[PDB]
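Presented below is the structure to which this report refers.
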Amino acid sequence: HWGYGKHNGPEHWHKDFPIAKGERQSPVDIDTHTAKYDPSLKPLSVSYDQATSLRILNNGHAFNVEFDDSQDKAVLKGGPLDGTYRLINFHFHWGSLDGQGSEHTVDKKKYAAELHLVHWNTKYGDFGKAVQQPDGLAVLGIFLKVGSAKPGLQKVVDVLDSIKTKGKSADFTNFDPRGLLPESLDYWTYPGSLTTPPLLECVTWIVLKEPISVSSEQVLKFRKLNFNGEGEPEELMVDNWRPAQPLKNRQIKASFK
Ligand SMILES: [Hg+2]
Ligand SMILES: [Zn+2]
């Protein structure tokens with residue numbers, strides 16, 4: 001179906017998902033000099049102490065670590081959000097080389113990868129209902145730069161060989177997402193969409209200013225995954241990111257001066 005190749009990549013998506021050319025598509029380039037500092041923005045509140053991871057799977061376009069969202073175990077609130085949002089999964093986007101991989105860019109600067117923590121608004125009951133609302137989802141975006149190793153990411157890196165090809169999954173319990181957070185919670189926020197089909201415009205994006213550092217060895221493991229399923233010719237899972245989209249009639253707000 002859709003993918004990141006020249007015959008089914010981001011440029012072809014609009015044919016099956018017309019919303020690709022919508023009014024609030026993501027990602028976008030964050031112009032730090034145009035971003036409006038908003039003093040009314042409250043600090044973010046991330047309560048991940050009771051998080052419960054269930055499994056990790058390779059879905060053909062990335063690998064998702066899923067969480068139990070049947071209760072307010074791991075929630076995001078505060079910031080530009082009204083209401084409580086539950087963590088359902090987290091995934092990454094990465095490149096074939098250290099100079100690309102992130103979806104959002106800062107003053108045109110691309111990072112090695114980008115982590116997306118996906119949450120849905122509890123007032124809507126379940127994920128499927130939330131994606132029918134303009135304020136249904138909240139995605140926390142975190143940039144990854146190559147430098148020193150991130151200890152809290154090693155548990156994820158080690159299990160990757162078990163889910164090399166499309167369709168494979170493995171139990172992945174007791175993982176604490178707090179180990180993937182930077183020191184500061186300063187952020188930029190804007191209304192956007194999911195960066196992969198169906199590309200629904202229900203997302204309130206919260207992109208953290210401070211990136212986290214991962215080692216070259218850690219990011220190399222990501223590049224060993226496969227897009228294809230077992231038995232099929234090997235297509236390395238790299239460059240699974242969408243190019244920046246037109247900002248249009250939108251304003252990016254910053255929580256910091
Ligand atoms: Hg929506
Ligand atoms: Zn994503």
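Letters for chains follow the order of the structure tokens (A, B, ...), residue numbers begin at 1 for each chain, and ligand numbers begin at 1 in the order shown.
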Which residues are close to residue 246 in chain A, i.e. within 12 Å by only C-alpha atoms, leaving aside same-chain residues fewer than 2 positions away? Reply as an NGL selection string. :A and (20-30 or 104 or 192 or 243-244 or 248-251)
Members of range 79-149 of chain A assigned strand (DSSP E or B) by DSSP, as a PyMOL selection string: chain A and resi 85-94+105-106+109+113-121+137-146
Take the selection from the previous step and output its residues with N, CA and C atoms, as a tab-separated table (two decimals), in the first residue's frame.
```tsv
chain	number	residue	atom	x	y	z
A	85	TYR	N	-5.21	13.30	28.55
A	85	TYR	CA	-4.92	12.47	27.39
A	85	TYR	C	-4.14	11.23	27.84
A	86	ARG	N	-4.55	10.05	27.36
A	86	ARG	CA	-3.90	8.78	27.72
A	86	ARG	C	-2.87	8.30	26.72
A	87	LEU	N	-1.72	7.85	27.21
A	87	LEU	CA	-0.68	7.32	26.35
A	87	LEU	C	-1.14	5.97	25.79
A	88	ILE	N	-1.13	5.83	24.47
A	88	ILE	CA	-1.52	4.57	23.87
A	88	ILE	C	-0.32	3.86	23.24
A	89	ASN	N	0.61	4.62	22.66
A	89	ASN	CA	1.78	4.04	22.03
A	89	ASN	C	2.85	5.08	21.77
A	90	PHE	N	4.05	4.61	21.47
A	90	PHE	CA	5.13	5.49	21.08
A	90	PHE	C	5.90	4.82	19.96
A	91	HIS	N	6.43	5.62	19.06
A	91	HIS	CA	7.18	5.12	17.92
A	91	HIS	C	8.21	6.18	17.54
A	92	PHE	N	9.05	5.85	16.57
A	92	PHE	CA	10.10	6.75	16.11
A	92	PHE	C	10.08	6.84	14.59
A	93	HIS	N	10.79	7.83	14.08
A	93	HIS	CA	10.98	8.05	12.66
A	93	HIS	C	12.48	8.29	12.62
A	94	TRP	N	13.18	7.65	11.69
A	94	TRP	CA	14.62	7.81	11.61
A	94	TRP	C	15.12	7.80	10.18
A	105	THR	N	11.29	20.05	11.83
A	105	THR	CA	12.63	20.61	11.74
A	105	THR	C	12.59	21.93	12.50
A	106	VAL	N	13.75	22.39	12.96
A	106	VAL	CA	13.82	23.65	13.70
A	106	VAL	C	14.73	24.55	12.89
A	109	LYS	N	16.64	22.80	10.48
A	109	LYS	CA	17.57	21.79	10.99
A	109	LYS	C	16.86	20.45	11.21
A	113	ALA	N	16.56	11.54	14.49
A	113	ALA	CA	15.31	10.81	14.65
A	113	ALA	C	14.33	11.64	15.45
A	114	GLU	N	13.10	11.17	15.52
A	114	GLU	CA	12.06	11.86	16.28
A	114	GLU	C	11.16	10.82	16.92
A	115	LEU	N	10.96	10.98	18.22
A	115	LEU	CA	10.12	10.11	19.02
A	115	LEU	C	8.73	10.73	19.16
A	116	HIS	N	7.71	9.92	18.92
A	116	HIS	CA	6.33	10.38	19.04
A	116	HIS	C	5.58	9.58	20.10
A	117	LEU	N	5.15	10.26	21.17
A	117	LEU	CA	4.36	9.63	22.23
A	117	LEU	C	2.92	10.04	21.88
A	118	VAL	N	2.10	9.07	21.50
A	118	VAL	CA	0.72	9.35	21.09
A	118	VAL	C	-0.30	9.16	22.22
A	119	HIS	N	-1.13	10.19	22.44
A	119	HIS	CA	-2.16	10.16	23.49
A	119	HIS	C	-3.52	10.54	22.90
A	120	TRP	N	-4.60	10.00	23.46
A	120	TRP	CA	-5.95	10.33	23.01
A	120	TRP	C	-6.77	10.94	24.15
A	121	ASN	N	-7.64	11.89	23.80
A	121	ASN	CA	-8.48	12.60	24.76
A	121	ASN	C	-9.51	11.68	25.39
A	137	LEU	N	-6.46	14.01	19.65
A	137	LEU	CA	-5.13	13.52	19.98
A	137	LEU	C	-4.12	14.58	20.38
A	138	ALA	N	-3.13	14.15	21.15
A	138	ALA	CA	-2.03	14.99	21.59
A	138	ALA	C	-0.77	14.15	21.38
A	139	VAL	N	0.16	14.63	20.57
A	139	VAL	CA	1.38	13.89	20.34
A	139	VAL	C	2.58	14.69	20.85
A	140	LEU	N	3.36	14.06	21.72
A	140	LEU	CA	4.56	14.66	22.30
A	140	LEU	C	5.71	14.25	21.38
A	141	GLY	N	6.36	15.24	20.77
A	141	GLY	CA	7.46	14.97	19.86
A	141	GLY	C	8.79	15.30	20.52
A	142	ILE	N	9.73	14.37	20.41
A	142	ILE	CA	11.05	14.54	21.01
A	142	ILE	C	12.12	14.26	19.96
A	143	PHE	N	13.05	15.18	19.82
A	143	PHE	CA	14.14	15.03	18.86
A	143	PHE	C	15.27	14.19	19.44
A	144	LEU	N	15.94	13.44	18.57
A	144	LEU	CA	17.06	12.62	18.99
A	144	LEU	C	18.29	13.05	18.22
A	145	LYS	N	19.38	13.32	18.93
A	145	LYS	CA	20.63	13.68	18.28
A	145	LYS	C	21.66	12.61	18.68
A	146	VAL	N	22.62	12.36	17.80
A	146	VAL	CA	23.66	11.37	18.06
A	146	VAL	C	24.74	11.98	18.97
```
Between chain A and ligand 1, at 10 Å or less, what are the per-residue closest atom pairs and their distances in Å? Count only C-alpha atoms and all ligand atoms, order by chain and rising residue number, and return it as JSON lines.
```
{"residue": "A:129", "atom": "CA", "partner": "ligand 1", "partner_atom_place_in_ligand_line": "1 (Hg)", "distance": 9.1}
{"residue": "A:130", "atom": "CA", "partner": "ligand 1", "partner_atom_place_in_ligand_line": "1 (Hg)", "distance": 7.2}
{"residue": "A:131", "atom": "CA", "partner": "ligand 1", "partner_atom_place_in_ligand_line": "1 (Hg)", "distance": 4.7}
{"residue": "A:132", "atom": "CA", "partner": "ligand 1", "partner_atom_place_in_ligand_line": "1 (Hg)", "distance": 4.3}
{"residue": "A:133", "atom": "CA", "partner": "ligand 1", "partner_atom_place_in_ligand_line": "1 (Hg)", "distance": 4.1}
{"residue": "A:134", "atom": "CA", "partner": "ligand 1", "partner_atom_place_in_ligand_line": "1 (Hg)", "distance": 4.3}
{"residue": "A:135", "atom": "CA", "partner": "ligand 1", "partner_atom_place_in_ligand_line": "1 (Hg)", "distance": 6.9}
{"residue": "A:136", "atom": "CA", "partner": "ligand 1", "partner_atom_place_in_ligand_line": "1 (Hg)", "distance": 6.4}
{"residue": "A:137", "atom": "CA", "partner": "ligand 1", "partner_atom_place_in_ligand_line": "1 (Hg)", "distance": 8.1}
{"residue": "A:192", "atom": "CA", "partner": "ligand 1", "partner_atom_place_in_ligand_line": "1 (Hg)", "distance": 9.5}
{"residue": "A:193", "atom": "CA", "partner": "ligand 1", "partner_atom_place_in_ligand_line": "1 (Hg)", "distance": 8.0}
{"residue": "A:194", "atom": "CA", "partner": "ligand 1", "partner_atom_place_in_ligand_line": "1 (Hg)", "distance": 9.5}
{"residue": "A:199", "atom": "CA", "partner": "ligand 1", "partner_atom_place_in_ligand_line": "1 (Hg)", "distance": 9.2}
{"residue": "A:200", "atom": "CA", "partner": "ligand 1", "partner_atom_place_in_ligand_line": "1 (Hg)", "distance": 5.4}
{"residue": "A:201", "atom": "CA", "partner": "ligand 1", "partner_atom_place_in_ligand_line": "1 (Hg)", "distance": 4.6}
{"residue": "A:202", "atom": "CA", "partner": "ligand 1", "partner_atom_place_in_ligand_line": "1 (Hg)", "distance": 3.6}
{"residue": "A:203", "atom": "CA", "partner": "ligand 1", "partner_atom_place_in_ligand_line": "1 (Hg)", "distance": 7.3}
```
For the atom pair CA of residue 71 in chain A and CA of residue 176 in chain A, what is the interatomic distance in Å to one decimal place? 16.7 Å
Against range 215-234 of chain A, which residues of range 132-189 of chain A fall within 10 Å? For each one I want the closest pair of atoms and the distance in Å (one decimal), counting only C-alpha atoms, rows by chain and increasing residue number, as a Markdown table.
```
| residue | atom | partner | partner_atom | distance |
| --- | --- | --- | --- | --- |
| A:144 | CA | A:219 | CA | 9.3 |
| A:145 | CA | A:215 | CA | 8.3 |
| A:146 | CA | A:215 | CA | 5.4 |
| A:147 | CA | A:215 | CA | 5.1 |
| A:148 | CA | A:215 | CA | 5.0 |
| A:149 | CA | A:215 | CA | 4.2 |
| A:150 | CA | A:215 | CA | 7.0 |
| A:151 | CA | A:215 | CA | 9.7 |
| A:153 | CA | A:218 | CA | 8.0 |
| A:154 | CA | A:218 | CA | 7.3 |
| A:156 | CA | A:218 | CA | 9.4 |
| A:157 | CA | A:221 | CA | 6.4 |
| A:158 | CA | A:221 | CA | 8.4 |
| A:159 | CA | A:221 | CA | 9.9 |
| A:160 | CA | A:221 | CA | 7.3 |
| A:161 | CA | A:225 | CA | 7.6 |
| A:162 | CA | A:225 | CA | 9.8 |
| A:163 | CA | A:225 | CA | 7.7 |
| A:164 | CA | A:225 | CA | 4.9 |
| A:165 | CA | A:229 | CA | 4.9 |
| A:166 | CA | A:229 | CA | 4.4 |
| A:167 | CA | A:229 | CA | 6.7 |
| A:168 | CA | A:229 | CA | 8.5 |
```
Residues as selected, N, CA and C atoms, written as a compact mmCIF listing (two decimals), in the first residue's frame, can you do that?
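Final output, again.txt:
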```txt
# COMPACT_ATOMS: atom_id res chain seq x y z
N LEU A 144 15.94 13.44 18.57
CA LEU A 144 17.06 12.62 18.99
C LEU A 144 18.29 13.05 18.22
N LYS A 145 19.38 13.32 18.93
CA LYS A 145 20.63 13.68 18.28
C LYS A 145 21.66 12.61 18.68
N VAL A 146 22.62 12.36 17.80
CA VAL A 146 23.66 11.37 18.06
C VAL A 146 24.74 11.98 18.97
N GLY A 147 25.01 11.31 20.08
CA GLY A 147 25.99 11.76 21.04
C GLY A 147 26.22 10.64 22.02
N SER A 148 26.04 10.91 23.31
CA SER A 148 26.22 9.88 24.32
C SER A 148 24.97 8.99 24.31
N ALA A 149 25.11 7.77 24.83
CA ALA A 149 24.01 6.82 24.86
C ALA A 149 22.94 7.18 25.89
N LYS A 150 21.70 6.85 25.56
CA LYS A 150 20.56 7.08 26.45
C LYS A 150 20.30 5.72 27.09
N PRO A 151 20.65 5.55 28.37
CA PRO A 151 20.45 4.28 29.07
C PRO A 151 19.03 3.75 28.97
N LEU A 153 16.95 3.86 26.76
CA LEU A 153 16.53 3.41 25.44
C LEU A 153 17.08 2.01 25.11
N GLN A 154 18.07 1.57 25.87
CA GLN A 154 18.71 0.28 25.61
C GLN A 154 17.77 -0.92 25.60
N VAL A 156 14.82 -1.07 24.61
CA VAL A 156 14.10 -1.07 23.34
C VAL A 156 15.04 -1.57 22.25
N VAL A 157 16.25 -1.02 22.23
CA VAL A 157 17.25 -1.38 21.25
C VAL A 157 17.55 -2.88 21.26
N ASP A 158 17.66 -3.47 22.45
CA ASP A 158 17.96 -4.89 22.57
C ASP A 158 16.90 -5.86 22.03
N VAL A 159 15.63 -5.48 22.13
CA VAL A 159 14.55 -6.34 21.66
C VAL A 159 14.26 -6.25 20.16
N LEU A 160 14.88 -5.29 19.48
CA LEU A 160 14.64 -5.11 18.05
C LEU A 160 14.90 -6.31 17.15
N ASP A 161 15.93 -7.09 17.43
CA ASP A 161 16.20 -8.26 16.60
C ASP A 161 15.06 -9.29 16.60
N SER A 162 14.24 -9.27 17.65
CA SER A 162 13.11 -10.18 17.77
C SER A 162 11.93 -9.79 16.88
N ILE A 163 11.90 -8.54 16.44
CA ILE A 163 10.82 -8.04 15.60
C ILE A 163 11.37 -7.41 14.32
N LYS A 164 12.33 -8.08 13.71
CA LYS A 164 12.98 -7.60 12.50
C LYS A 164 12.09 -7.32 11.29
N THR A 165 11.14 -8.20 11.01
CA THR A 165 10.28 -8.03 9.85
C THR A 165 8.84 -7.63 10.15
N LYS A 166 8.14 -7.17 9.11
CA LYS A 166 6.76 -6.73 9.21
C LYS A 166 5.82 -7.81 9.75
N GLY A 167 5.05 -7.45 10.78
CA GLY A 167 4.11 -8.39 11.36
C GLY A 167 4.53 -9.03 12.66
N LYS A 168 5.84 -9.06 12.93
CA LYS A 168 6.33 -9.67 14.15
C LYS A 168 6.11 -8.78 15.37
```
What is the distance, in Å and to one decimal place, between CA of residue 242 in chain A and CA of residue 196 in chain A?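 CA of residue 242 in chain A sits 7.7 Å away from CA of residue 196 in chain A.
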So how many Å separate CA of residue 7 in chain A and CA of residue 240 in chain A, to one decimal? 14.1 Å
Using only C-alpha atoms and all ligand atoms, the residue out of A:75, A:62, A:185, A:57 with shortest distance to ligand 2 is A:62
Given the choices A:8, A:64, A:195, A:70, which gets closest to ligand 2 if the distance is worked out from only C-alpha atoms and all ligand atoms?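 Going through A:8, A:64, A:195, A:70 one by one, the smallest distance to ligand 2 is for A:195.
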Based on the backbone DSSP call, show me all residues of range 14-221 of chain A assigned alpha helix (DSSP H), as a count of residues only. 16
Could you give me, as a short mmCIF file (atom, residue, chain, number, x, y, z; two decimals) with C-alpha atoms, in the first residue's frame, the residues within 8 Å of residue 56 in chain A, counting only C-alpha atoms and dropping anything in the same chain fewer than 2 positions from it?
```cif
data_model
loop_
_atom_site.label_atom_id
_atom_site.label_comp_id
_atom_site.auth_asym_id
_atom_site.auth_seq_id
_atom_site.Cartn_x
_atom_site.Cartn_y
_atom_site.Cartn_z
CA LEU A 54 2.32 -4.52 26.81
CA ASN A 58 6.92 -4.02 13.62
CA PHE A 63 7.89 -0.23 15.44
CA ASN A 64 5.30 0.62 18.09
CA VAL A 65 5.55 0.05 21.83
CA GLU A 66 1.97 -0.25 23.09
CA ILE A 163 10.82 -8.04 15.60
CA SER A 169 5.60 -8.72 17.76
CA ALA A 170 6.96 -9.52 21.22
CA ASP A 171 5.89 -9.07 24.83
CA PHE A 172 7.41 -5.86 26.16
#
```
Determine, counting only C-alpha atoms, which protein, DNA and RNA residues have an atom within 12 Å of an atom of residue 257 in chain A; residues of the same chain fewer than 6 positions away are not included. Present the result as a VMD selection string. chain A and resid 32 to 33 35 to 39 41 186 to 188 209
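Of the listed residues (A:9, A:211, A:179, A:101), A:101 comes nearest to ligand 2; the distances count only C-alpha atoms and all ligand atoms.
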Between A:45, A:40, A:100, A:34, single out the one closest to residue 78 in chain A, counting only C-alpha atoms. A:45
